[PDB]
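Colleague: Pasting a structure below so you can have a look.
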Amino acid sequence: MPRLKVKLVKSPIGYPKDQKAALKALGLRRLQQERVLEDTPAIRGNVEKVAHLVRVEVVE
């Protein structure tokens with residue numbers, strides 16, 4: 001509740017199940033969708049798994 005705004009900027013088509021699961025958990029389903037998630041250790045772990053695919057901004 002500090003938060004992170006995550007945008008899916010690259011196509012995950014054909015990516016490993018782990019990485020597709022991390023996208024699932026971040027709720028990113030289509031290209032250029034943006035989500036504001038709570039900045040937790042867990043949410044950070046999932047953004048880390050899909051770093052190539054996403055753009056991250058610190059928000060509150």
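Numbering starts fresh at 1 for the residues of each chain in the structure tokens, the chains themselves are lettered A, B, ... in the order given, and ligands are numbered from 1 as they appear.
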For residue 23 of chain A, find every residue with an atom within 10 Å (counting only C-alpha atoms), except residues of its own chain fewer than 2 positions away, and show them as a VMD selection string.
Modeller: chain A and resid 8 12 17 to 21 25 to 30 46 to 47 49 to 50 53 to 54
Colleague: Could you save those same residues with N, CA, C and O atoms as a PDB file, in the first residue's frame?
Modeller:
ATOM      1  N   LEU A   8       2.212  -4.532 -18.959  1.00  0.00           N
ATOM      2  CA  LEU A   8       2.738  -5.590 -19.792  1.00  0.00           C
ATOM      3  C   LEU A   8       3.113  -4.933 -21.109  1.00  0.00           C
ATOM      4  O   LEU A   8       2.261  -4.464 -21.875  1.00  0.00           O
ATOM      5  N   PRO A  12       4.083 -12.387 -24.021  1.00  0.00           N
ATOM      6  CA  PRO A  12       4.456 -13.542 -23.232  1.00  0.00           C
ATOM      7  C   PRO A  12       4.175 -14.778 -24.017  1.00  0.00           C
ATOM      8  O   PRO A  12       4.426 -15.963 -23.416  1.00  0.00           O
ATOM      9  N   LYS A  17       5.701 -21.740 -18.281  1.00  0.00           N
ATOM     10  CA  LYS A  17       4.608 -21.741 -17.315  1.00  0.00           C
ATOM     11  C   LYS A  17       4.840 -20.902 -16.065  1.00  0.00           C
ATOM     12  O   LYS A  17       3.905 -20.276 -15.606  1.00  0.00           O
ATOM     13  N   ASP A  18       6.042 -20.843 -15.490  1.00  0.00           N
ATOM     14  CA  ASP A  18       6.368 -20.001 -14.350  1.00  0.00           C
ATOM     15  C   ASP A  18       6.118 -18.523 -14.591  1.00  0.00           C
ATOM     16  O   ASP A  18       5.579 -17.771 -13.767  1.00  0.00           O
ATOM     17  N   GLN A  19       6.547 -18.123 -15.787  1.00  0.00           N
ATOM     18  CA  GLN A  19       6.463 -16.760 -16.161  1.00  0.00           C
ATOM     19  C   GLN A  19       5.042 -16.514 -16.524  1.00  0.00           C
ATOM     20  O   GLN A  19       4.515 -15.492 -16.103  1.00  0.00           O
ATOM     21  N   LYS A  20       4.355 -17.379 -17.235  1.00  0.00           N
ATOM     22  CA  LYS A  20       2.963 -17.125 -17.499  1.00  0.00           C
ATOM     23  C   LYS A  20       2.141 -17.077 -16.205  1.00  0.00           C
ATOM     24  O   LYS A  20       1.233 -16.254 -16.065  1.00  0.00           O
ATOM     25  N   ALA A  21       2.498 -17.882 -15.192  1.00  0.00           N
ATOM     26  CA  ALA A  21       1.856 -17.907 -13.882  1.00  0.00           C
ATOM     27  C   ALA A  21       2.101 -16.604 -13.132  1.00  0.00           C
ATOM     28  O   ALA A  21       1.164 -16.062 -12.521  1.00  0.00           O
ATOM     29  N   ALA A  25      -0.734 -14.024 -11.765  1.00  0.00           N
ATOM     30  CA  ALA A  25      -0.745 -13.480 -10.429  1.00  0.00           C
ATOM     31  C   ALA A  25      -0.673 -11.958 -10.420  1.00  0.00           C
ATOM     32  O   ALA A  25      -1.046 -11.340  -9.425  1.00  0.00           O
ATOM     33  N   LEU A  26      -0.148 -11.300 -11.453  1.00  0.00           N
ATOM     34  CA  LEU A  26      -0.107  -9.859 -11.487  1.00  0.00           C
ATOM     35  C   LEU A  26      -1.340  -9.327 -12.193  1.00  0.00           C
ATOM     36  O   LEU A  26      -1.530  -8.116 -12.273  1.00  0.00           O
ATOM     37  N   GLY A  27      -2.159 -10.226 -12.744  1.00  0.00           N
ATOM     38  CA  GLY A  27      -3.400  -9.919 -13.435  1.00  0.00           C
ATOM     39  C   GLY A  27      -3.199  -9.297 -14.789  1.00  0.00           C
ATOM     40  O   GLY A  27      -4.107  -8.675 -15.324  1.00  0.00           O
ATOM     41  N   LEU A  28      -2.022  -9.451 -15.373  1.00  0.00           N
ATOM     42  CA  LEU A  28      -1.709  -8.897 -16.683  1.00  0.00           C
ATOM     43  C   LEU A  28      -2.087  -9.931 -17.737  1.00  0.00           C
ATOM     44  O   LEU A  28      -1.536 -11.035 -17.808  1.00  0.00           O
ATOM     45  N   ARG A  29      -3.104  -9.591 -18.511  1.00  0.00           N
ATOM     46  CA  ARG A  29      -3.678 -10.475 -19.498  1.00  0.00           C
ATOM     47  C   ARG A  29      -3.514 -10.033 -20.945  1.00  0.00           C
ATOM     48  O   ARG A  29      -3.655 -10.879 -21.830  1.00  0.00           O
ATOM     49  N   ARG A  30      -3.236  -8.778 -21.269  1.00  0.00           N
ATOM     50  CA  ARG A  30      -3.179  -8.368 -22.648  1.00  0.00           C
ATOM     51  C   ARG A  30      -2.116  -7.318 -22.691  1.00  0.00           C
ATOM     52  O   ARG A  30      -1.744  -6.713 -21.686  1.00  0.00           O
ATOM     53  N   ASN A  46       7.029 -11.859  -8.133  1.00  0.00           N
ATOM     54  CA  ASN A  46       6.390 -12.091  -9.413  1.00  0.00           C
ATOM     55  C   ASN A  46       6.804 -11.068 -10.446  1.00  0.00           C
ATOM     56  O   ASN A  46       6.938 -11.442 -11.612  1.00  0.00           O
ATOM     57  N   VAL A  47       7.055  -9.799 -10.117  1.00  0.00           N
ATOM     58  CA  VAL A  47       7.447  -8.850 -11.128  1.00  0.00           C
ATOM     59  C   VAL A  47       8.828  -9.207 -11.600  1.00  0.00           C
ATOM     60  O   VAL A  47       9.169  -9.065 -12.767  1.00  0.00           O
ATOM     61  N   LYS A  49      10.238 -12.223 -11.862  1.00  0.00           N
ATOM     62  CA  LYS A  49      10.112 -13.310 -12.832  1.00  0.00           C
ATOM     63  C   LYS A  49       9.729 -12.828 -14.229  1.00  0.00           C
ATOM     64  O   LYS A  49      10.069 -13.475 -15.223  1.00  0.00           O
ATOM     65  N   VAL A  50       9.013 -11.749 -14.395  1.00  0.00           N
ATOM     66  CA  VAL A  50       8.604 -11.293 -15.705  1.00  0.00           C
ATOM     67  C   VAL A  50       9.205  -9.923 -16.069  1.00  0.00           C
ATOM     68  O   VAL A  50       8.632  -9.162 -16.857  1.00  0.00           O
ATOM     69  N   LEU A  53       9.278  -8.607 -19.594  1.00  0.00           N
ATOM     70  CA  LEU A  53       8.009  -8.360 -20.210  1.00  0.00           C
ATOM     71  C   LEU A  53       7.301  -7.122 -19.725  1.00  0.00           C
ATOM     72  O   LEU A  53       6.395  -6.626 -20.415  1.00  0.00           O
ATOM     73  N   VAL A  54       7.725  -6.559 -18.605  1.00  0.00           N
ATOM     74  CA  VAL A  54       6.943  -5.510 -17.980  1.00  0.00           C
ATOM     75  C   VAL A  54       7.675  -4.228 -17.794  1.00  0.00           C
ATOM     76  O   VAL A  54       8.899  -4.208 -17.789  1.00  0.00           O
TER      77      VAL A  54
END
Colleague: Just the number, please: distance in Å from atom CA of residue 60 of chain A to atom CA of residue 43 of chain A, one decimal.
Modeller: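 According to the coordinates, atom CA of residue 60 of chain A and atom CA of residue 43 of chain A are separated by 14.6 Å.
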Colleague: Find the spatial neighbours of segment 57-59 of chain A, counting only C-alpha atoms, within a cut-off of 8 Å - ignore same-chain residues fewer than 5 positions away - and output them as a PDB file with N, CA, C and O atoms, in the first residue's frame.
Modeller:
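Result written to result-v6.pdb:
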ATOM      1  N   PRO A   2       2.205   1.171  -0.068  1.00  0.00           N
ATOM      2  CA  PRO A   2       2.923   1.628  -1.258  1.00  0.00           C
ATOM      3  C   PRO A   2       2.572   0.678  -2.383  1.00  0.00           C
ATOM      4  O   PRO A   2       2.137  -0.472  -2.126  1.00  0.00           O
ATOM      5  N   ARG A   3       2.666   1.140  -3.601  1.00  0.00           N
ATOM      6  CA  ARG A   3       2.237   0.316  -4.687  1.00  0.00           C
ATOM      7  C   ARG A   3       3.139   0.345  -5.886  1.00  0.00           C
ATOM      8  O   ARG A   3       4.001   1.202  -6.015  1.00  0.00           O
ATOM      9  N   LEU A   4       2.967  -0.607  -6.803  1.00  0.00           N
ATOM     10  CA  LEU A   4       3.805  -0.622  -7.979  1.00  0.00           C
ATOM     11  C   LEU A   4       2.813  -0.608  -9.116  1.00  0.00           C
ATOM     12  O   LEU A   4       1.786  -1.291  -9.033  1.00  0.00           O
ATOM     13  N   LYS A   5       3.046   0.172 -10.159  1.00  0.00           N
ATOM     14  CA  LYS A   5       2.217   0.118 -11.347  1.00  0.00           C
ATOM     15  C   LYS A   5       3.061  -0.705 -12.326  1.00  0.00           C
ATOM     16  O   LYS A   5       4.213  -0.352 -12.640  1.00  0.00           O
ATOM     17  N   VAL A   6       2.475  -1.789 -12.817  1.00  0.00           N
ATOM     18  CA  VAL A   6       3.132  -2.709 -13.704  1.00  0.00           C
ATOM     19  C   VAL A   6       2.352  -2.673 -15.023  1.00  0.00           C
ATOM     20  O   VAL A   6       1.118  -2.802 -15.023  1.00  0.00           O
ATOM     21  N   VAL A  36      -2.157  -1.633 -10.773  1.00  0.00           N
ATOM     22  CA  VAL A  36      -1.503  -1.084  -9.595  1.00  0.00           C
ATOM     23  C   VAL A  36      -1.718  -2.164  -8.557  1.00  0.00           C
ATOM     24  O   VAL A  36      -2.833  -2.601  -8.267  1.00  0.00           O
TER      25      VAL A  36
END
Colleague: Per DSSP on the backbone, filter chain A down to the residues in strand (DSSP E or B) and report them as number ranges by chain.
Modeller: A: 3-8, 34-38, 54-59
Colleague: Restricted to N, CA, C and O atoms, what would the selected residues look like written as a compact mmCIF listing (two decimals), in the first residue's frame?
Modeller:
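Writing the result to selection-v2.txt gives the following:
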# COMPACT_ATOMS: atom_id res chain seq x y z
N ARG A 3 2.67 1.14 -3.60
CA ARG A 3 2.24 0.32 -4.69
C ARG A 3 3.14 0.34 -5.89
O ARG A 3 4.00 1.20 -6.02
N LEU A 4 2.97 -0.61 -6.80
CA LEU A 4 3.80 -0.62 -7.98
C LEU A 4 2.81 -0.61 -9.12
O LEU A 4 1.79 -1.29 -9.03
N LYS A 5 3.05 0.17 -10.16
CA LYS A 5 2.22 0.12 -11.35
C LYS A 5 3.06 -0.71 -12.33
O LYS A 5 4.21 -0.35 -12.64
N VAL A 6 2.47 -1.79 -12.82
CA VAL A 6 3.13 -2.71 -13.70
C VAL A 6 2.35 -2.67 -15.02
O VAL A 6 1.12 -2.80 -15.02
N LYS A 7 3.04 -2.51 -16.15
CA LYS A 7 2.46 -2.55 -17.48
C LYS A 7 3.03 -3.71 -18.32
O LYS A 7 4.26 -3.89 -18.42
N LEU A 8 2.21 -4.53 -18.96
CA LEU A 8 2.74 -5.59 -19.79
C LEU A 8 3.11 -4.93 -21.11
O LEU A 8 2.26 -4.46 -21.87
N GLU A 34 -2.23 -2.02 -17.70
CA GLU A 34 -1.49 -1.59 -16.53
C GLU A 34 -2.29 -1.92 -15.28
O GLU A 34 -3.51 -1.90 -15.28
N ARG A 35 -1.61 -2.28 -14.19
CA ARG A 35 -2.20 -2.71 -12.95
C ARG A 35 -1.45 -2.00 -11.85
O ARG A 35 -0.23 -1.80 -11.97
N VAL A 36 -2.16 -1.63 -10.77
CA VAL A 36 -1.50 -1.08 -9.59
C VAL A 36 -1.72 -2.16 -8.56
O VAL A 36 -2.83 -2.60 -8.27
N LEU A 37 -0.58 -2.66 -8.09
CA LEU A 37 -0.51 -3.72 -7.11
C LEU A 37 0.19 -3.20 -5.87
O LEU A 37 0.96 -2.24 -5.92
N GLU A 38 -0.02 -3.85 -4.73
CA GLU A 38 0.63 -3.46 -3.50
C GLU A 38 2.05 -3.89 -3.65
O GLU A 38 2.34 -4.96 -4.15
N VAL A 54 7.73 -6.56 -18.60
CA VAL A 54 6.94 -5.51 -17.98
C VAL A 54 7.67 -4.23 -17.79
O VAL A 54 8.90 -4.21 -17.79
N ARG A 55 6.92 -3.15 -17.66
CA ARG A 55 7.47 -1.88 -17.30
C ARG A 55 6.97 -1.64 -15.84
O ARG A 55 5.81 -1.96 -15.56
N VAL A 56 7.77 -1.13 -14.88
CA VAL A 56 7.42 -0.94 -13.46
C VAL A 56 7.53 0.54 -13.07
O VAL A 56 8.49 1.20 -13.47
N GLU A 57 6.59 1.12 -12.32
CA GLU A 57 6.73 2.47 -11.77
C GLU A 57 6.32 2.39 -10.33
O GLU A 57 5.47 1.60 -9.94
N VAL A 58 7.01 3.13 -9.50
CA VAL A 58 6.69 3.19 -8.09
C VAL A 58 5.52 4.16 -7.91
O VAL A 58 5.62 5.31 -8.37
N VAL A 59 4.39 3.78 -7.32
CA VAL A 59 3.32 4.74 -7.08
C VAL A 59 2.89 4.47 -5.62
O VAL A 59 3.48 3.64 -4.92
Colleague: In chain A, what's alpha helix (DSSP H) per DSSP? Answer as a VMD selection string?
Modeller: chain A and resid 17 to 26 41 to 49
Colleague: Restrict the selected residues to C-alpha atoms and save them as an mmCIF file, in the first residue's frame.
Modeller:
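Result file follows (result.cif):
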data_model
loop_
_atom_site.group_PDB
_atom_site.id
_atom_site.type_symbol
_atom_site.label_atom_id
_atom_site.label_comp_id
_atom_site.auth_asym_id
_atom_site.auth_seq_id
_atom_site.Cartn_x
_atom_site.Cartn_y
_atom_site.Cartn_z
ATOM 1 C CA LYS A 17 4.608 -21.741 -17.315
ATOM 2 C CA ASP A 18 6.368 -20.001 -14.350
ATOM 3 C CA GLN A 19 6.463 -16.760 -16.161
ATOM 4 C CA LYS A 20 2.963 -17.125 -17.499
ATOM 5 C CA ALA A 21 1.856 -17.907 -13.882
ATOM 6 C CA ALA A 22 3.597 -14.765 -12.572
ATOM 7 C CA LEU A 23 1.591 -12.726 -15.164
ATOM 8 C CA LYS A 24 -1.537 -14.439 -13.967
ATOM 9 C CA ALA A 25 -0.745 -13.480 -10.429
ATOM 10 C CA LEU A 26 -0.107 -9.859 -11.487
ATOM 11 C CA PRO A 41 7.857 -9.082 -1.184
ATOM 12 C CA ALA A 42 5.565 -11.550 -2.926
ATOM 13 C CA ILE A 43 4.314 -9.118 -5.578
ATOM 14 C CA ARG A 44 7.942 -8.085 -6.113
ATOM 15 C CA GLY A 45 8.939 -11.744 -6.626
ATOM 16 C CA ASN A 46 6.390 -12.091 -9.413
ATOM 17 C CA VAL A 47 7.447 -8.850 -11.128
ATOM 18 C CA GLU A 48 11.032 -10.064 -10.959
ATOM 19 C CA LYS A 49 10.112 -13.310 -12.832
#
Colleague: Restricting the calculation to only C-alpha atoms, which member of A:10, A:16, A:31, A:39 is positioned closest to residue 51 of chain A?
Modeller: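 Once distances to residue 51 of chain A are computed over only C-alpha atoms, the minimum belongs to A:10.
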